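Down below is the structure, laid out as structure tokens.
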Amino acid sequence: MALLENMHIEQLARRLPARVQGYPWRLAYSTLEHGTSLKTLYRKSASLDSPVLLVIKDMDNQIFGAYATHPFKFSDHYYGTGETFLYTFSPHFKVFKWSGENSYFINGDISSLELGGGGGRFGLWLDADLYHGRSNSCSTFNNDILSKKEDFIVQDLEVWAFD
């Protein structure tokens with residue numbers, strides 16, 4: 001609603017897996033509304049029992065993020081399944097799905113949150129303030145850089161669930 005226009009919702013809805021098709025979208029976490037901190041993200045994502053949609057709008061107004069099969073949580077380990085993918089609308093809408101090379105889907109930490117893994121790199125990286133973000137090409141999704149540069153700044157960030 002606030003970060004996405006009808007253009008974004010339709011192109012995203014067409015690439016969501018079958019198990020969430022026709023499930024209404026519930027806003028679970030929002031930087032605009034809840035307090036900008038990875039800690040707060042964890043608290044709102046706690047007691048979520050569904051896959052989530054991560055929506056990032058950076059300081060260049062470009063929109064990208066991820067669909068995750070499980071709520072974001074602090075984890076000793078990588079978790080999630082292969083239905084997880086990354087997406088960007090810059091320079092055009094493109095979805096980077098599981099490549100089958102590894103299973104390093106989601107990794108929650110106290111200092112950072114990252115999706116994708118393998119040999120050090122990652123697909124998406126956010127710091128504890130949900131401020132400095134980073135995006136590289138990773139083996140989990142074989143994505144290109146979701147943002148303009150490798151480094152980006154989070155302007156607004158939303159997490160949507162499918163209760």
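If you're wondering about the labels, chains in the structure tokens are A, B, ... by order shown, residues count from 1 in each chain, ligands from 1 in order shown.
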Based on the backbone DSSP call, show me all residues of region 113-162 of chain A assigned strand (DSSP E), as a VMD selection string. chain A and resid 113 to 115 124 to 127 132 to 134 151 to 161
With N, CA and C atoms retained, export the selected residues as a PDB file, in the first residue's frame.
```
ATOM      1  N   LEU A 113      21.171  -8.996   9.128  1.00  0.00           N
ATOM      2  CA  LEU A 113      20.236  -9.939   8.534  1.00  0.00           C
ATOM      3  C   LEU A 113      20.625 -10.106   7.077  1.00  0.00           C
ATOM      4  N   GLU A 114      20.867 -11.341   6.655  1.00  0.00           N
ATOM      5  CA  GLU A 114      21.287 -11.548   5.280  1.00  0.00           C
ATOM      6  C   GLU A 114      20.572 -12.733   4.655  1.00  0.00           C
ATOM      7  N   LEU A 115      20.226 -12.578   3.379  1.00  0.00           N
ATOM      8  CA  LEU A 115      19.679 -13.646   2.559  1.00  0.00           C
ATOM      9  C   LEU A 115      20.683 -14.022   1.478  1.00  0.00           C
ATOM     10  N   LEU A 124      21.391 -10.341  -0.067  1.00  0.00           N
ATOM     11  CA  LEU A 124      20.871  -9.161   0.603  1.00  0.00           C
ATOM     12  C   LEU A 124      21.463  -9.097   2.001  1.00  0.00           C
ATOM     13  N   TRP A 125      21.862  -7.898   2.426  1.00  0.00           N
ATOM     14  CA  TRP A 125      22.457  -7.690   3.742  1.00  0.00           C
ATOM     15  C   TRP A 125      21.926  -6.394   4.332  1.00  0.00           C
ATOM     16  N   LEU A 126      21.517  -6.443   5.598  1.00  0.00           N
ATOM     17  CA  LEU A 126      21.023  -5.281   6.324  1.00  0.00           C
ATOM     18  C   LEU A 126      21.702  -5.235   7.684  1.00  0.00           C
ATOM     19  N   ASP A 127      21.979  -4.028   8.175  1.00  0.00           N
ATOM     20  CA  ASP A 127      22.631  -3.893   9.470  1.00  0.00           C
ATOM     21  C   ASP A 127      21.592  -3.788  10.589  1.00  0.00           C
ATOM     22  N   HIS A 132      22.314   0.827   6.640  1.00  0.00           N
ATOM     23  CA  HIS A 132      23.255   0.410   5.609  1.00  0.00           C
ATOM     24  C   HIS A 132      22.878  -0.977   5.112  1.00  0.00           C
ATOM     25  N   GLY A 133      22.588  -1.081   3.818  1.00  0.00           N
ATOM     26  CA  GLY A 133      22.319  -2.365   3.209  1.00  0.00           C
ATOM     27  C   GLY A 133      23.345  -2.701   2.149  1.00  0.00           C
ATOM     28  N   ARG A 134      23.439  -3.973   1.776  1.00  0.00           N
ATOM     29  CA  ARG A 134      24.398  -4.382   0.764  1.00  0.00           C
ATOM     30  C   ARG A 134      23.810  -5.533  -0.038  1.00  0.00           C
ATOM     31  N   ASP A 151      26.474  -1.104  -2.407  1.00  0.00           N
ATOM     32  CA  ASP A 151      26.040  -0.505  -1.154  1.00  0.00           C
ATOM     33  C   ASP A 151      24.816   0.370  -1.393  1.00  0.00           C
ATOM     34  N   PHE A 152      23.867   0.318  -0.462  1.00  0.00           N
ATOM     35  CA  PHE A 152      22.671   1.144  -0.530  1.00  0.00           C
ATOM     36  C   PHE A 152      22.259   1.529   0.883  1.00  0.00           C
ATOM     37  N   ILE A 153      21.360   2.507   0.965  1.00  0.00           N
ATOM     38  CA  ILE A 153      20.829   3.011   2.225  1.00  0.00           C
ATOM     39  C   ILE A 153      19.329   2.760   2.241  1.00  0.00           C
ATOM     40  N   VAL A 154      18.829   2.196   3.336  1.00  0.00           N
ATOM     41  CA  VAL A 154      17.404   1.904   3.437  1.00  0.00           C
ATOM     42  C   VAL A 154      16.646   3.199   3.702  1.00  0.00           C
ATOM     43  N   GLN A 155      15.727   3.543   2.802  1.00  0.00           N
ATOM     44  CA  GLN A 155      14.824   4.653   3.066  1.00  0.00           C
ATOM     45  C   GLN A 155      13.578   4.179   3.802  1.00  0.00           C
ATOM     46  N   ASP A 156      12.904   3.168   3.259  1.00  0.00           N
ATOM     47  CA  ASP A 156      11.765   2.550   3.916  1.00  0.00           C
ATOM     48  C   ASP A 156      11.831   1.044   3.713  1.00  0.00           C
ATOM     49  N   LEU A 157      11.344   0.305   4.704  1.00  0.00           N
ATOM     50  CA  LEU A 157      11.408  -1.148   4.672  1.00  0.00           C
ATOM     51  C   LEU A 157      10.135  -1.692   5.299  1.00  0.00           C
ATOM     52  N   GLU A 158       9.472  -2.608   4.597  1.00  0.00           N
ATOM     53  CA  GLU A 158       8.244  -3.226   5.073  1.00  0.00           C
ATOM     54  C   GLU A 158       8.380  -4.740   5.031  1.00  0.00           C
ATOM     55  N   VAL A 159       7.745  -5.399   5.994  1.00  0.00           N
ATOM     56  CA  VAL A 159       7.640  -6.853   6.016  1.00  0.00           C
ATOM     57  C   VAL A 159       6.160  -7.207   6.012  1.00  0.00           C
ATOM     58  N   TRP A 160       5.733  -7.949   4.994  1.00  0.00           N
ATOM     59  CA  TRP A 160       4.347  -8.360   4.837  1.00  0.00           C
ATOM     60  C   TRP A 160       4.220  -9.864   5.033  1.00  0.00           C
ATOM     61  N   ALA A 161       3.176 -10.273   5.743  1.00  0.00           N
ATOM     62  CA  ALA A 161       2.896 -11.675   6.006  1.00  0.00           C
ATOM     63  C   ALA A 161       1.615 -12.094   5.295  1.00  0.00           C
TER      64      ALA A 161
END
```
Residue neighbourhood residue 65 (chain A), 6 Å, only C-alpha atoms, exclusion window fewer than 3 positions, as a list in words: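 Here the answer would be residues 54, 55, 56, 86 and 87 of chain A.
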Please write the residues from the selection above to a file, keeping N, CA and C atoms, as a CSV table (one decimal), in the first residue's frame.
```csv
chain,number,residue,atom,x,y,z
A,54,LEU,N,9.6,-9.2,2.0
A,54,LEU,CA,10.5,-8.1,2.3
A,54,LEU,C,10.5,-7.0,1.2
A,55,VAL,N,10.1,-5.8,1.6
A,55,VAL,CA,10.1,-4.7,0.6
A,55,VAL,C,11.0,-3.6,1.1
A,56,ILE,N,12.0,-3.3,0.3
A,56,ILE,CA,13.0,-2.3,0.6
A,56,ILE,C,12.9,-1.2,-0.5
A,86,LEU,N,14.8,-13.6,-4.5
A,86,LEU,CA,15.1,-12.2,-4.4
A,86,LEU,C,14.4,-11.5,-5.6
A,87,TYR,N,14.1,-10.2,-5.5
A,87,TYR,CA,13.5,-9.5,-6.6
A,87,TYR,C,13.9,-8.0,-6.5
```
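DSSP secondary structure from the backbone places residues 18, 19, 20, 31, 32, 33, 34, 38, 39, 40, 41, 42, 43, 44 and 45 of chain A of region 15-144 of chain A in helix (DSSP H, G or I).
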Need to verify the contact set: residue 120 (chain A), 12 Å, only C-alpha atoms, exclusion of same-chain residues closer than 3 positions in sequence. Can you return it as a PyMOL selection string? chain A and resi 104+114-117+123+125+136-140
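Considering the residues A:47, A:40, A:147, A:81 and counting only C-alpha atoms, residue 60 (chain A) has its shortest atom-to-atom contact with A:147.
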Would you list the contacts of residue 1 (chain A) as a ChimeraX atom specification, taking every protein, DNA or RNA residue within 12 Å and counting only C-alpha atoms, but skipping same-chain residues closer than 2 positions in sequence? /A:3-9,25-27,30,55,158-160
Kindly save the residues from that selection, with N, CA and C atoms included, as a short mmCIF file (atom, residue, chain, number, x, y, z; two decimals), in the first residue's frame.
```cif
data_model
loop_
_atom_site.label_atom_id
_atom_site.label_comp_id
_atom_site.auth_asym_id
_atom_site.auth_seq_id
_atom_site.Cartn_x
_atom_site.Cartn_y
_atom_site.Cartn_z
N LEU A 3 4.51 1.56 0.17
CA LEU A 3 5.69 1.50 -0.69
C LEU A 3 5.39 0.96 -2.08
N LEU A 4 4.42 0.06 -2.21
CA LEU A 4 4.10 -0.57 -3.48
C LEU A 4 2.91 0.10 -4.13
N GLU A 5 2.97 0.23 -5.45
CA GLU A 5 1.82 0.59 -6.26
C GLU A 5 1.21 -0.66 -6.89
N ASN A 6 0.03 -0.50 -7.49
CA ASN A 6 -0.66 -1.63 -8.09
C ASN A 6 0.22 -2.34 -9.12
N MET A 7 1.11 -1.60 -9.78
CA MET A 7 2.08 -2.21 -10.69
C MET A 7 2.95 -3.22 -9.95
N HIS A 8 3.45 -2.84 -8.77
CA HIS A 8 4.35 -3.73 -8.03
C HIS A 8 3.62 -4.95 -7.50
N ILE A 9 2.38 -4.77 -7.03
CA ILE A 9 1.65 -5.87 -6.42
C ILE A 9 1.30 -6.93 -7.46
N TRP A 25 -2.56 -9.97 2.16
CA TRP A 25 -1.30 -9.46 2.68
C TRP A 25 -1.55 -8.67 3.95
N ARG A 26 -0.85 -9.03 5.02
CA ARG A 26 -0.92 -8.32 6.29
C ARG A 26 0.42 -7.63 6.55
N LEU A 27 0.37 -6.33 6.82
CA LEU A 27 1.59 -5.61 7.19
C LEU A 27 2.00 -6.02 8.60
N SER A 30 6.99 -2.31 9.75
CA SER A 30 7.18 -1.15 8.90
C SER A 30 8.12 -0.18 9.59
N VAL A 55 10.14 -5.80 1.57
CA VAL A 55 10.08 -4.70 0.62
C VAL A 55 11.04 -3.61 1.09
N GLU A 158 9.47 -2.61 4.60
CA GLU A 158 8.24 -3.23 5.07
C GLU A 158 8.38 -4.74 5.03
N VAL A 159 7.74 -5.40 5.99
CA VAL A 159 7.64 -6.85 6.02
C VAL A 159 6.16 -7.21 6.01
N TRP A 160 5.73 -7.95 4.99
CA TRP A 160 4.35 -8.36 4.84
C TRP A 160 4.22 -9.86 5.03
#
```
Kindly indicate which residue among A:35, A:108, A:82, A:71 lies nearest to residue 17 (chain A), using only C-alpha atoms for the distances. A:82
How far is it from CA of residue 83 (chain A) to CA of residue 51 (chain A), in Å with one decimal? 9.9 Å
When distances are computed from only C-alpha atoms, which of A:29, A:64, A:42, A:122 shows the smallest separation from residue 92 (chain A)?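 Under the stated criterion, the closest residue is A:64.
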Quick one: everything within 8 Å of residue 109 (chain A), counting only C-alpha atoms, minus sequence neighbours fewer than 6 positions away in the same chain. Send it as a list in words. residues 73, 74, 75 and 76 of chain A
Residues within 9 Å of residue 129 (chain A), only C-alpha atoms, excluding chain neighbours under 6 positions, as a ChimeraX atom specification: /A:36-39,111-112
Using only C-alpha atoms, pick whichever of A:44, A:130, A:162, A:118 has the shortest atom-to-atom distance to residue 69 (chain A).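 Answer, going by the shortest atom-to-atom distance: A:162.
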